[PDB]
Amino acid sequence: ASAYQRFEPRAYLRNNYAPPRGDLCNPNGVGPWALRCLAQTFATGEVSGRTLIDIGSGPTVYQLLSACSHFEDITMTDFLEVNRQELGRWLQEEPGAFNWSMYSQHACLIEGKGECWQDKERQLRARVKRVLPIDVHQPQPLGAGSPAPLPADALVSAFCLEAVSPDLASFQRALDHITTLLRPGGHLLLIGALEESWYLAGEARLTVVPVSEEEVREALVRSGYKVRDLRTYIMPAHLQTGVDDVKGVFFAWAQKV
């Protein structure tokens, strides 16, 4: 937990979204796969509404590229102040912001609505209304009087829950906790690491709860969801860079019933 204090946003981005784990040219890379999962889901025109909340966004934005065209009010979050700042720098187009163009581009490519990436980024930057601190450990993750429209029509979270839970039970709770933020009949799009027990972020070393695909499924069920879709990406050996011990990545499309 306190370990997340030494968490360096730039070391994290560099380790996971810079080449080779970030190259999008090769179709069999985790990047193409993940953006594709997101794109396809939203393309079914079933996950929509007005407001959408991104849990534990960290310093990344990709997780919303295909999503931003379906929700006009978007709320980004994260426990660390450093991250919320790193996001602001990208959102305001301030200097030293991480470059996500490559991703915006591939997202536009995958969607195939002939959209240029500048337009896609413009839309995202516009629909992201706020960036609020959050804590998935508290029963009311966002707090008491949150500027964020509640309950949201949909939720999105990539690599958070399992990266902040010491064991399955915690994982389960933090899932129940955020579930409360989602309006019934709503949609949840969760991404995460499969069987990962640790990952580096600069000086900080995070101890994760290694979880499988069935454990993730069952956990979603227990928290009151119906698993619309669940896919797995087994990490190739060339993407095993030393920054962690992840085995694969998962994608879930759940709906609060």
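All residue numbers refer to positions in the sequence shown, first residue = 1.
**Student:** 203-211 versus 27-35: which one carries the higher mean Cα B factor per the record?
**Tutor:** 203-211 has the higher mean C-alpha B-factor.
**Student:** Which of the two stretches, 75-83 or 144-152, shows the higher mean Cα temperature factor in the record?
**Tutor:** The deposited B-factors put 144-152 ahead on the C-alpha mean.
**Student:** Hey, out of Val61, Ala43, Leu194, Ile191, whose CA B-factor is highest in the deposited coordinates?
**Tutor:** Comparing C-alpha B-factors across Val61, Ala43, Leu194, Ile191, the top value belongs to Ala43.
**Student:** Ranked by Cα temperature factor within the chain, is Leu65 in the lowest third, the middle third or the highest third?
**Tutor:** According to the entry, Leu65 has a C-alpha B-factor in the chain's lowest third.
**Student:** Ranking every modelled residue in this chain by its Cα temperature factor as given in the entry, which third contains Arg122?
**Tutor:** For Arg122, the deposited C-alpha B-factor lands in the middle third.
**Student:** Using the B-factors in the PDB entry, rank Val131's C-alpha atom against the chain and give the third, lowest, middle or highest.
**Tutor:** It falls in the top third of the chain.
**Student:** Using the B-factors in the PDB entry, rank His187's C-alpha atom against the chain and give the third, lowest, middle or highest.
**Tutor:** For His187, whose C-alpha B-factor we compare with every modelled residue in the chain, the answer is the highest third.
**Student:** Relative to the other modelled residues in the chain, which third contains the C-alpha temperature factor of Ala174: lowest, middle or highest?
**Tutor:** Its C-alpha B-factor belongs to the highest third of this chain's values.
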